[PDB]
Structures are given as structure tokens and as C-alpha cells.
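First the structure, in the form of C-alpha cells, and then the observations on it.
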Amino acid sequence: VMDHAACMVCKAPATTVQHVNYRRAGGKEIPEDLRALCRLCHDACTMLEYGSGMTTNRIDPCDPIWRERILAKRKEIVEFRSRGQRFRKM
Amino acid sequence: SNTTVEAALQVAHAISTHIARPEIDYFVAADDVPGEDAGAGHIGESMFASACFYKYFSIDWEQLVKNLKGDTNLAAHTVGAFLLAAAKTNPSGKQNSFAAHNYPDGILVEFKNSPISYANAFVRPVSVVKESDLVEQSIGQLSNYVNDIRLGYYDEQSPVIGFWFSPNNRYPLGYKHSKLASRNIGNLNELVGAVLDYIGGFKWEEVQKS
Amino acid sequence: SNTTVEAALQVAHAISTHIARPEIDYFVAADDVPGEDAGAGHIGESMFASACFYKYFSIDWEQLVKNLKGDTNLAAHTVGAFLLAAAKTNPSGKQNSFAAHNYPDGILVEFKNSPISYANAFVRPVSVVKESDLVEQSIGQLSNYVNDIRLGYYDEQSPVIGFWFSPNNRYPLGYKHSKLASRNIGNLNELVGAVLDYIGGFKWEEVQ
Amino acid sequence: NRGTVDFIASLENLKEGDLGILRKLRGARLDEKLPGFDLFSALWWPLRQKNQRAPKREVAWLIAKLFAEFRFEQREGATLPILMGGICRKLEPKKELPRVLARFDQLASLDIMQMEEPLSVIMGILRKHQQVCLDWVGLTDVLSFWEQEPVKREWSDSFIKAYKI
Amino acid sequence: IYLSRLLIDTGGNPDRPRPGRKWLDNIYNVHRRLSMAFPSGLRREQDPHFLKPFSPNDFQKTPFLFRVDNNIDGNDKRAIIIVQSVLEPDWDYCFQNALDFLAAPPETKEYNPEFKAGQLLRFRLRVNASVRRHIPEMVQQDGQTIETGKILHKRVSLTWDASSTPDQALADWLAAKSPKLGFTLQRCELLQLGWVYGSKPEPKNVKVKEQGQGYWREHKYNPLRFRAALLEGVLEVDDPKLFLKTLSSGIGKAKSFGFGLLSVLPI
RNA sequence: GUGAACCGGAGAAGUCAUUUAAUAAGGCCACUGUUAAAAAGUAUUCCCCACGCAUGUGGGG
Ligand SMILES: [Zn+2]
């Protein structure tokens, strides 16, 4: 509700939330530690930090340095994804 | 138990015989004007821009009879009512009262034992500038293809013929030399009577009840 | 025992000669009684496509008689009725809602000692021009590839004889002024009889 | 654990097509090919969002690829050091046994990213000696908690106990 | 004033993600995006790349009118959005992170419409067939209950007599109010009659946590249903000082959700 | 403011030289994804506010 039902980078109806600072988790986090995102952008963010070795300071989508890589990963997802596989798995 | 009942009617997705005409652009009004009741604008064109459509139905008599558990006259009434309904019904609203333009320009009732579609007559698009003879050349293409198929895939065991309806307008006497046409009909009720006569020998005006 | 029986017929996956354009038919289920009181997205997704397919069968004349234990007349009847059924049957998948009982506009029957598939004709997609249609261009490219194979991998001991079927000669095997097949045929049962009497003197009357 | 057991059951629930999808991706990361990412996400994410102690993404990806290429039925009491000890006490102790021992001991100096290929070598040795069972859950837990000392101590102790029977 | 054009791909491969086509599922989403296409000065300077959180109070609330129709361009299906506003829109700032929403780049043209008496314009218009009934609350309860008693005044869809046609009914519904907005209709042809659906979030105050500072806010989604009627025809003009105000504003209620846009072509 | 207090085991050093893991193997035989649908001839459109209240007009999400 703090972000008015909008994904942060692509400005679409947000359906998930991505953490930035991980040193509050387990049920003690603050609303300023979390950023709202949609499915495509959060999947791109998950791809961008798989084996990057980030422990406590993860990807911040509001940072204007991570915009290009997120956009490129989003373009790759749009070009190569298959909705049938995801619909079949669930 | 087996709740599923087998269908006795197959209907194809009705496809046009020409390319899809684009609608009128409205973003161009800020930059220019078509003129003072001139073209690309006030042309009239009767009321609107129509579109020719090719429709296809395939009713199987045996499955229809076995679906109703006998009652052969009721199935005949259903066939006649379905044909009359399909002739003069618009798919959406705005029901016609009496306009005579809702009547189709061509019906080809055939009595095969194997279903054949003539949709391949319009693989080559029917391009024209004048919409008056667009229907006429569509009937011409359909006539050429039906002649080709009916004398190319022809077997001697079941040589069958059919009927045809038009408003005696788009050359109904003069296509394919009336090899398939046999009875040429200009009336809807007379065509339904002919179909009911060929099927079992009934007539449309006789049976209207259970 | 050896329950394995090898083969007599090979069928390839039928593929279109052009780039496919799949579609979605957005269907909805209209209620009969007013008073549904449901306003949401109740639309559905059902898919379909239209294409021009290239099919390729192959019947081994020997090893079919061998599987039939020397019954040459039963083998001839099998070949003839297979020709009939493959020419005049389509898969019964969603035919009650699409009704696409279309008939082939060209059949090419060959007799040769080694199997060749002309599916490499349509490696380039068949783009449609305004002057022609899809089927005519497809038959033209097939004729091009058939002639190039005929004058290419060509042997002197092994002759090749082929027919060419089209309804009322609507679509001849179009390749300039060059006629490829040895006998153009405009009827189906006539070509079935021609193949049957090439096979060694079988007719479409007593074998059934 | 329970996330590991559910993950292994889900992996064994796969069919030949998805196993081939995972098999085509050996030696690759997770953020490279979309079908592999989609399959692994749809197999792993509900378990992670349900169980807090589900295996990490890298460990689960490694076990998924190893199961794809080296499909072994899940059984309890068939851990990797036990089978390596059973195999190792059948060769001559002069040439082959030091080589296999060095191959097994290389794993202690590797982190979890650079461990698909030595584990593939060990499982190829297992497959060459007609093995059809493995403990995937215990291996997954050991890989999840790897940089600690007691886990490596138990690994080597199990190897010694299998070797000196 | 200005007219803007957006093109969206409707066909394409249906097994791929198509976020441009999925955007047209909710009309509140369309309205919100078109509102985000109106930056408010310092928002551009503070956020040139549009990455800070979206705030409705940080954008201008000037009204605009838009219409979503469909067309065919040679051999492809397209969805056209025509946006009519009063300030210059900024489509560069709006879709700069969503270039894949639009199949073609947006266009904008200046509109200077004025027509003296004697113009037979050809018009297209999608109205909201809405009416406030005097007795719209019978409380038709469901289940075992069928009739309880309460009364309120609410907006509902237009209804016509069973002996009449929807075409003529909508024609007289438009002609009844027509001299107030300043035009005379010669032909009125009904082309469509349907519904428009959407959803909207609303904050709700669930209980305060330890120093929650203004309760804990949770989103709750409420539906939006409209009855839409699209129609073309030919109309004359009279009192152009009234027709210009008719063109500046919309016709009928729910003007902010795609309705009321009057498209006129001079003839 | 204690067998304690006060208190350096320190300086120094190439493990260098030599080495193909080589010769070989078809993953083969079998399989409909079938049965279904109006985005439209309705009888309540999910909320707020100006007016006098003859199945009322205007304005905003
Ligand atoms: Zn997003």
C-alpha cells in the first residue's frame, strides 16, 4: 500500500515484493526494507542476483545503475519465455 | 452413465471471400479534410460497407434420427426449421422484420455420404473495386471449384445431385451448365419443400407439430 | 516368440509450407436465464490455426506381401484402399466446431527402389504473392524440387515412373514447359486403377 | 528436514521431457536459459515460500542437474562416502586406490559453485560399478551446510568406517 | 488541443508474454497509465528515469478523454488508443521503461476544430448507457430469500421496451438530450452494445501494530462495471459556441474511463 | 612487594633436471489429446455530491 499497487521500475500492477537489506528478516523487517515489483521484473531481479555473492545488500530496483541490466533481462524474458510450460507446471 | 450425446451438426467458422477491409481512420481529422461531400467520406454507398461471407453446415441424418430415438418427422421438422433459420438470421442483434436482404444469395444443398467442403474456392482472394459484382464473381469462383471437385473426385457408386437457390440475379442459369443444379429455385419455402421431398418425401407446410 | 513385426509403411510428420500463425478463439459461455449477477473476466482461450500441409507416405511392396504371407491380391487391395483412405480422410479433432473436411489438390505417386522425401522443397517458406494463391505456389516449388532431384541423383539401372493427380487438371505439376510425370491423371479412381495395374495386373473389382 | 524431502520427491516426479531439459543444461548457470529457469522455479519456489529451511538456490540447482544426468533412486543409508568406501576397498592399494582417494579428497577444497564436475566424476565411477541407489536428501543437507568443520569430519569418518570394514 | 495516438499489438505469438495486450484487460490500469503520462514539473527533475515510487499527488489531475478501438493494418491486427486532452502529453516520460507495451511509437497532432453552421460531420462515439432510476432498489435477494425491503437511488444500465429495438431506443435516447449539446442527428446506427470491466484497489485500515503510526494499511480490490454503446452516424451543427464546449468536454457520465469521446470528421 | 620482583633463543638457506593414456563400439523396435461454449435483444453498474423528488438530470473515481 505504501507504493500504490505499482511495480517500481516498469510501473505495472505489482504482485510481489523484493527485499533490499536482508539483515532484518525472520519477522522483524521494516517497510523501508522492501520494494514492490511485478512478476517479470522480480524474475529479472532474481536472475540478476543468482550467483553474484550478495549477502546483506541485494539489488535495489530504484537505483538508476541497475536499470539497464533489468531492462535487458526483461527483454530476454519477453522474447524467450513460454507461458505453456508455467501453466502446465501449476 | 454416458451423459455425452454425439453431435449431429458440424458448423465451420464462417470465413470471408476477400481480404479484411480496414475501418475509417479518425486520427487524420486534425491534419486534413476529405472535402465537401467528396470521396474518402460522404460517398453514401447505400448504408455501409458490407462483407461477403462463406458459411458451411453439415447435418448427418442418421445421427440426428438416433439422437431423438425415432420420431423421423420431428427430425425433418428440425432440419427444415434449421435451414429456414440459418437463411435469415443475423448472428448479433438488430433482428430483421422484413427486408429481403437477409436472404442468402446462394444455397447449395447436397446429399453426399462423405462431407466435402468447398472452402478452397477462395484460397485465391476475390479482389474487386465494385461491390455490386463482388457476390457475382464469388459465385463464379464457387461454381468453378465445385465443378472441378465434383467431376474430379467422382465415383460411380453414389452419383448424387443437389439443389440451388438465388434471387434469379447472379447468373444461376449459366454456371457449370446446370450439371449439379438440377432444380433451380427462387423461393425459400419451395426449396425447403424440395429438400424435404428428397429426404423422405414430406413437405414443409404439412408437418409443424410433434 | 518374436512378437516384433518390422514395418510396411512409413509416415512423416505433416508440416506446413509457410510460417504458421496460431490464433486464439476467445469463447464465452452465455447463461440462459438472466440473473447471473457475475461481473468479471469470464472469457476463455481456445486455439486454432490454418495451413497448407505436405504429407509423405511410403509403401514397401515387398515385406508387405511377406507380412501378408504371399497374398498378392490382399496386398493390392491394401494399397488401393490405403490410397483411397489417405486421399479422403482427415483427422477427427475438433471437427464438430471447425468442420474442415478439405480435399487434397495434388497427389504425386512414384515407383522407385530407394525412398526420397521432397520435404526439402519448402525449406524456404512459401510467401504468397497477389497474382497466385498458396496451393499453386506450393505445387510449383514441389515441381521445381522434383525435377532437380530427377536430373540430380539419377541412375541408369533404376528407372523412375510417376503419375500426377489433380482434380480436372486444375493444378498441373507447374514447372515452365517441362512436364515431369509420365501420365497426368484427372480422376481419383482412375489413378487407383492405374497404380494397381502397374503393380502387376490388379483391378479395383475382384480384389475387394 | 522437509523442504529437502519434498524437493527430492518433486524431482523424481519429473518425466523424460523435463529431465532432458535439465540434462541439456549441465555445466551452465541458472540465469542463462529461460526454460531451465522456468522449470526450476516452478519446482522450487512453492517449497521455499512454505518451508523456511528449504535448500538454497545454488545447492538445489546442482542437485537438479546431478539428478538429471545421473538418475538414481532415492534410498536411505546409501550416502556418497559409504558407497565410495565400498568401491575403494576392491582395488590394488599401490596405483588405483591413491588416485581414487585423491579424487574423493579434492572435494574438501572446493566451494559449492565449482563442484558439479568432481561430483559428476564420482557418480560416474558409481554408475560404472552397477549402482542404482543414492541418498539425495543427505547429500543435499551436507552440501547446504558444507563450510563447517563437523560436516566434513562426519564425511571423512563415514568414509573411513566404510573403508575399514 | 492535442490528439495522441498509441498503437498496441493484438496478434503476434500467443505463447509469449504480451504485456501490451494484457494492459488493456483493466480499464483502471489504462486510466492510471494515461494519468502517469502527465508529469507535474519537479517530478521530471527529481526522477528523470521514473524509478521513485508512484504517487497520485505528484501528478497533474487535469481531465482527458480517450477511446480504445481496433483496426487492421495490411495483414496485422492492431489496437488504437486515441487520447484527447487539453495539455500537451508526455509519452516519452510514460513508457520509457515499457517500450515493449507499444508496437509503434506514439504520435501527437495539434487539433484546431471549429465548424460554422452548415457542416454535415461524420461522427463516431462510445457512450455509457447509464441512467439513475427512481426505483432501482427492489432488493432482489438470492438463495432462499427472494424479496426484502429497502430503497436507494443508484446508477444502472439503460433499458428499452420489449416491443422496440435497441437501435431506435438508443437513437431517441441520444436525440432527447441532443439540442442541449448543440447538434442534430440525421442517421444513428448502433454498432456495439456491451460491457467494460475493471478493478480498483482501496486501502483499508487493519489493526495498529506496535507504534503503527496510522494503522496498518492493506489493499482491497473492488470491481468496476460499465455498460458501453458505440455508434456512428452523421450530424449537423448549430450554436458553435456550444459545440466547441461539447468537443472540449465529454458526453455522458464515467468520462474518465474511456467514454464520452466524440470523434468528428468534416464533410 | 607471591622459590617472588628485575628477564628476546637469537642470526641463514632456489628442491632444480627427464615423460602421448594410447588402439574400439548404431540406444534400437510401439503410441488420437479426445468429448464444450453468443463479448452481447437488457430489467441492479462497485463507490461519493448539487438540486426540487411522476421507473429525475448534472459532476468526480
Ligand atoms: Zn515490473
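FYI, it's all coordinate maths here, none of it is from the lab. Cβ placement follows ideal geometry from the backbone for every residue including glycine, while neighbour counts extend to all protein chains displayed.
Which of C:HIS18, C:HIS101, C:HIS177 moves the most in a Gaussian network model of chain C with Cα springs under 10 Å?
C:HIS177
For each of E:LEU120, D:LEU143, count neighbouring Cβ atoms within 10 Å of the residue's Cβ, then give the residues from fewest to most. If you can, show how the numbers build up before the last one.
Working: E:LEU120 16, D:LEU143 20.
Arranged by neighbour count, lowest to highest, E:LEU120, D:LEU143 become E:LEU120, D:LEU143.
So, in nm, how far is label E:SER164 from label E:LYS180 when the simple model puts each one 7 Å beyond its Cα toward the Cβ?
Computed distance between label sites E:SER164 and E:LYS180 equals 1.7 nm.
Using only atoms on other chains, find how many Cβ atoms lie within 10 Å of each Cβ of peptide B:26-34 and report the average.
Numbers: counts 14, 8, 2, 10, 10, 4, 1, 3, 4.
That average works out to 6.
Of all DSSP beta bridges located in the protein assembly as shown, what percent are antiparallel, nearest 5?
On the way: 80 of 87 bridges.
Among the beta bridges of the protein assembly as shown, antiparallel pairing accounts for roughly 90 percent.
I want to verify a result. In a Gaussian network model of chain B, Cα cutoff 10 Å, which of these has the top mean-square fluctuation: B:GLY174, B:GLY152, B:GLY35?
Comparing B:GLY174, B:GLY152, B:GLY35 in a Gaussian network model of chain B, the most mobile one is B:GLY35.
Please report the net charge: other residues with Cβ closer than 10 Å to the Cβ of B:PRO104, K and R +1, D and E -1. Don't jump to the answer; show the numbers that get you there.
Details: positive: B:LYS55, B:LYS88; negative: B:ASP105.
The answer is +1.
Using Cα positions and a limit of under 17 Å, work out the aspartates and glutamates in reach of E:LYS22, with same-chain residues fewer than 8 apart set aside.
A:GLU79, C:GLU23, C:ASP25, C:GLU45, E:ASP9, E:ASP69, E:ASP100
Relative contact order of the range C:1-113: what whole-number percent is it, with Cα pairs under 8 angstrom and at least 6 residues apart? Before the final figure, lay out the partial values.
Numbers: 82 pairs, mean separation 31.0, N = 113.
Worked out over the range C:1-113, it gives 27 percent.
What does the charge add up to near E:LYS207, with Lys and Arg as +1, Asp and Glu as -1, over the other residues with Cβ less than 12 Å from its Cβ? Kindly include the intermediate steps, with their values, before the conclusion.
Numbers: positive: E:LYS204, E:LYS209, E:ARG217; negative: E:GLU210, E:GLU218.
Residues close to E:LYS207 contribute a combined charge of +1.
For chain C, set up a Gaussian network in which alpha carbons nearer than 10 Å are linked by springs, and say which option among C:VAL33, C:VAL135, C:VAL146 fluctuates the most.
In this elastic network of chain C, the residue with the biggest mean-square fluctuation among C:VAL33, C:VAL135, C:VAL146 is C:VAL33.
Between the range B:104-120 and the range B:148-195, what is the C-alpha centre distance in whole Å?
10
Note the count of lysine pairs whose C-alpha atoms are less than 18 angstrom apart in chain D, limited to pairs 8 or more residues apart or on different chains.
Taking chain D as the scope, the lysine pair count is 11.
For the residues B:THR4, A:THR16, B:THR17, what sequence is obtained by ranking on other C-beta atoms within 10 Å, fewest first?
B:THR4, A:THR16, B:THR17
For the range C:1-100, which chymotrypsin sites (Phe, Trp or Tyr not before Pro) are both in a DSSP coil and crowded by at most 16 other Cβ atoms within 10 Å? Mind dumping the intermediate values first?
Details: sites: C:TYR26, C:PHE27, C:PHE48, C:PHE53, C:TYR54, C:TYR56, C:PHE57, C:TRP61, C:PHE82, C:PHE98; in loops: C:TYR26, C:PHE27, C:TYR56, C:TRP61.
Taking the range C:1-100 and a limit of 16 other Cβ atoms within 10 Å, the loop chymotrypsin sites (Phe, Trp or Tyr not before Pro) found are C:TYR26, C:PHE27, C:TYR56, C:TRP61.
Classify the range D:70-165 as rounded, prolate or oblate from the Cα gyration tensor: take a ≥ b ≥ c as the square roots of its eigenvalues, call it rounded if a/c is under 1.5, otherwise prolate when a/b beats b/c and oblate if not. Can you show the working numbers first?
Working: a/c = 1.38, a/b = 1.18, b/c = 1.17.
Rounded is the answer for the range D:70-165, as its axis ratio a/c remains below 1.5.
Let me know the shape class of the range C:4-147, please: from the alpha-carbon gyration tensor, a ≥ b ≥ c as square roots of the eigenvalues, rounded when a/c is under 1.5, otherwise prolate if a/b is greater than b/c, or oblate. Write down the numbers at each step before the final one.
Numbers: a/c = 3.18, a/b = 1.69, b/c = 1.88.
Note, shape of the range C:4-147 comes out oblate.
So which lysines pass the test for C:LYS66, namely a Cα distance under 22 Å, with those fewer than 8 places away in the same chain ruled out?
Excluding near neighbours in sequence, the set is C:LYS112, C:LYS203.
Give the order of E:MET36, A:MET90, E:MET138 when sorted by the count of other beta carbons within 10 angstrom, beginning with the fewest. Show your work: numbers first, answer last.
On the way: E:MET36 20, A:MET90 6, E:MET138 11.
Fewest-to-most ranking of E:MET36, A:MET90, E:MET138: A:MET90, E:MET138, E:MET36.
Which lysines, if any, have their Cα less than 27 Å from the Cα of C:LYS130, not counting same-chain residues under 8 positions apart?
B:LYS55, B:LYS130, B:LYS176, C:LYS55, C:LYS176, C:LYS179, E:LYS77
Which loop chymotrypsin sites (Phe, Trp or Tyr not before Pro) in the range B:125-194, with loop taken from DSSP, have no more than 15 other Cβ atoms within 10 angstrom of their Cβ? Present the calculation step by step, with values, prior to reporting the outcome.
Working: sites: B:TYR145, B:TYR153, B:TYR154, B:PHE163, B:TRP164, B:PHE165, B:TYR175; in loops: B:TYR153, B:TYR154, B:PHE163, B:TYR175.
Here the chymotrypsin sites (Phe, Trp or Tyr not before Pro) that fit, given the DSSP loop and packing criteria, are B:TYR154.
To the nearest 10 degrees, how steeply does helix D:57-69 sit against the main Cα axis of chain D, on a 0 to 90 scale?
Roughly 70 degrees, rounded to the nearest 10.
Rounded, prolate or oblate, given the Cα gyration tensor of the range C:1-80, with a/c below 1.5 counting as rounded? Before the final figure, lay out the partial values.
Details: a/c = 4.14, a/b = 2.72, b/c = 1.52.
Prolate.
When the helix-only estimate is applied to chain D (DSSP H runs of n ≥ 4, each -39,500 (n - 2.57), divided by the residue count), what is the mean residue ellipticity at 222 nm, nearest 500 deg cm²/dmol?
Details: 9 runs with 104 residues, N = 165.
The helix-only estimate for chain D comes to -19500 deg cm²/dmol at 222 nm.
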